[PDB]
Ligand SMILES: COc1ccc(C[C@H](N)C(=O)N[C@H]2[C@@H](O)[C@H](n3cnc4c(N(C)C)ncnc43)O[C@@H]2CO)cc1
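Here we start with a single chain on its own, the form deposited without this ligand, put down as structure tokens.
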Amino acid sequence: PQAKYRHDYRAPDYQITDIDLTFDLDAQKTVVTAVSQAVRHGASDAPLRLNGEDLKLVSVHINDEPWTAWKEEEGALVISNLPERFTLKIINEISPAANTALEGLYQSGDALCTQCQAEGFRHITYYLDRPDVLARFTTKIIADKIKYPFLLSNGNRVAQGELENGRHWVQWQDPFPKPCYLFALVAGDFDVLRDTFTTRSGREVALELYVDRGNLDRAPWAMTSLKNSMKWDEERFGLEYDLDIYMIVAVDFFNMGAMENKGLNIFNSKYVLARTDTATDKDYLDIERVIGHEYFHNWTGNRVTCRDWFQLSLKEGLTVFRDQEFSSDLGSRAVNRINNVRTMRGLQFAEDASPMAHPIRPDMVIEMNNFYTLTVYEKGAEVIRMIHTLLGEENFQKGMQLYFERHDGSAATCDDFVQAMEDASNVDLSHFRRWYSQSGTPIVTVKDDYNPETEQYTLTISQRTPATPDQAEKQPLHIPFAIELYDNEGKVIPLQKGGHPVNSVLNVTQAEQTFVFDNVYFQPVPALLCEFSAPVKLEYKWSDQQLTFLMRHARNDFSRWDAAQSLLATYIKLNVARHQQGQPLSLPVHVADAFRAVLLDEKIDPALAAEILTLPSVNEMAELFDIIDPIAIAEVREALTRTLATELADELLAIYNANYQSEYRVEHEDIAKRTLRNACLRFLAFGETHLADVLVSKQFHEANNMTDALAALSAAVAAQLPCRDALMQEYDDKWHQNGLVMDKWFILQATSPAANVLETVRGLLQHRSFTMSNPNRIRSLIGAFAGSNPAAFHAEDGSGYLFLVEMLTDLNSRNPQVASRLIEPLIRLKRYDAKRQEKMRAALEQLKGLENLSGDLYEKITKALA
């Protein structure tokens, strides 16, 4: 399998302007007839090179002439000797029922549906499967009426009829030219929730949500979120929907979260289906986020698409930024920012330190599906957010307007987007562009000095990015570095120099630079990298008292949570070193006191209190260390929880009780209270055993919602309480028929601290609610074990690696995309000790020798073993 390089981009020799598709649909054998209008742009002797994978070719005609001048090759149909403009007709067969990879057209339960990103359309017919080829689609679908009463594709229904032998047909037309990755087709029998949205200019849009029969009770929240998303994009970005119908289909079998196919999104049902007894506050907020995300792609992705797949961040980073702004505008901005920063620090930073490290605009790709990553999405969004920081909302919106004005109806590049931002704002972004082409996390080191004779505060700031496996050379970036200075009363000291105000976003552009501030009347406590103003690691020699001062006085809630994180980092690092020497936890009294003060503070937003009282996960803790000791990290996290539970027992129980809510509401004040209450519960589960057991068991049984029932169940598992086995069995007996609800239970089983966790996980491969045919089940059981239980995955006997190898040996053949997601914990070997590395290398060498090794795994394994 051959690498492809961004620098090799070349305009296509042929364009296809219009394509008329017919599907004679059947799960065993689908016949596709594709009639394309092609125009040559390249040299008159250039052949037409169509992509195709796993297709049975039936015929090729050019202007209705059976064509003799073609050859099939690996992944291609090469057609020679063509006129300048012509009608191409291809007939080919495919088999949805045999498509276990879930790429192209496949079977999802009884339904047929598509997943065409990045390059799945070539699994349906021979085509120019590249996103700079934009065609107007019309799609006719012919199927058995009883099996497939609903036949959906992009756009509007323009014809329909019935046939003999119990078949019917529908034809769809989408007036907007589109790259083929936005093609979608759905056939099946569904319940449909129907509603309407009227755009600000008065266009009435029919909204239709298709769910499996019986699931209509779980549909209204997603419909509500869709209307919320539409309204918000109008208010915030001035964008309206541009078609007459918006369809969403929820499918159980889906390798991704959701896809933005024009006017016909297809969603993993995990991001659609919610009822208060089945779904948590977090599920509700995730549905909102992902409904919004796919809706926001209508402009940032669809009306302006990607010239090539190396530009993936152009749509994904910008759309993630938009979904974050949506969630933040509608909810708690501080909570959203906190959560996204934890994802950056705990998950993305790890990827940027891995063999798969890549810039947000990659330079080299073997399997494009390997690059739908935390880097392209989450760091890509941090990069858009830095442009927003540098320009401010007004200029940023001007740049959006110029971007759409220039690029509406075409495929664009990351560079085009930056250029629009720069032209609209008159902010020079040429050094800034380096964030697109350099991989790795910068480390920003800050030293300060207060001069009492001159009343000046000096920050000496430096930056470096360590070399990564993909790039030996690194250069300084344009780092927006937001600061705030506090006097001893907690008041902000105006920033100024030489009689003029200074902007609080510093431009850190050099390897080393000094910034001097005048009229600093008192020695300041600084807040640094405010609101995580750049995606970097900060090195500053904090005192404990500077941090607790900030937790008490910082103006932005983010800064208070972030000061607590820096405070905790110090003692997590201390206690991991202690664990390694056989010693128990040590924590100064004044550190527990800072957390007591948060619990008892009446003025603090419960949303903030809740996040400060949620300890960093084992993955966030891992990023504090050069060499990861996952067993010490897990045990230290538990010991810290036990220590805080003992020191704060009375305060924890008071706040738990005060935040009781008899009514369940999916509303941001109610959610904040309940998140605080359940954060208290986590600690309380580690109190005196009988007391803990009673409290947890009672919450589980009296819960009037899944958020509270799951928080109880999770605490019983985490603290290994006596009630655990009974509660876990009760949930199984109640919920086994419901895969999405069982995913929560598989996760708890997979991440359990019990000594026998792997044995339990292996037995659950035979559980009635588990199946290897379903990516959600796989991710909930196997993926959560390997990625979210590193202590057990990295068991010293190497049993975790051997288990993952057995699972990937199956999935490599069955569903390479899911296999490649799941291999990720194994490729982090260089972060671990020598003895672990050699077992992990051994596991990777075993996988490398697999017969029919997928390109998806090949790419990661070869990087990991380099």
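One-based numbering along the sequence shown.
Keep in mind that the form deposited with this ligand bound is missing from the display, and what follows is about it.
In the bound PDB entry, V290 approaches this ligand with a heavy atom inside 4.5 Å. In the bound PDB entry, none of the heavy atoms of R836 sits within 4.5 Å of a heavy atom of this ligand.
Interface membership of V696, defined by any non-hydrogen atom within 4.5 Å of this ligand in the bound PDB entry, is ruled out. A residue is said to contact a partner when one of its heavy atoms sits within 4.5 Å of a partner heavy atom; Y377 meets this definition for this ligand in the bound PDB entry. The contact with this ligand in the bound PDB entry, taken as any heavy atom within 4.5 Å, belongs to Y372 out of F549, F237, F150, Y372. Screening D212, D233, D352, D323 for any heavy atom within 4.5 Å of this ligand in the bound PDB entry leaves a single hit, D323. Partner contact region in the bound PDB entry: 822-830, out of 38-46, 822-830, 22-30, 58-66, criterion any non-hydrogen atom within 4.5 Å of this ligand.
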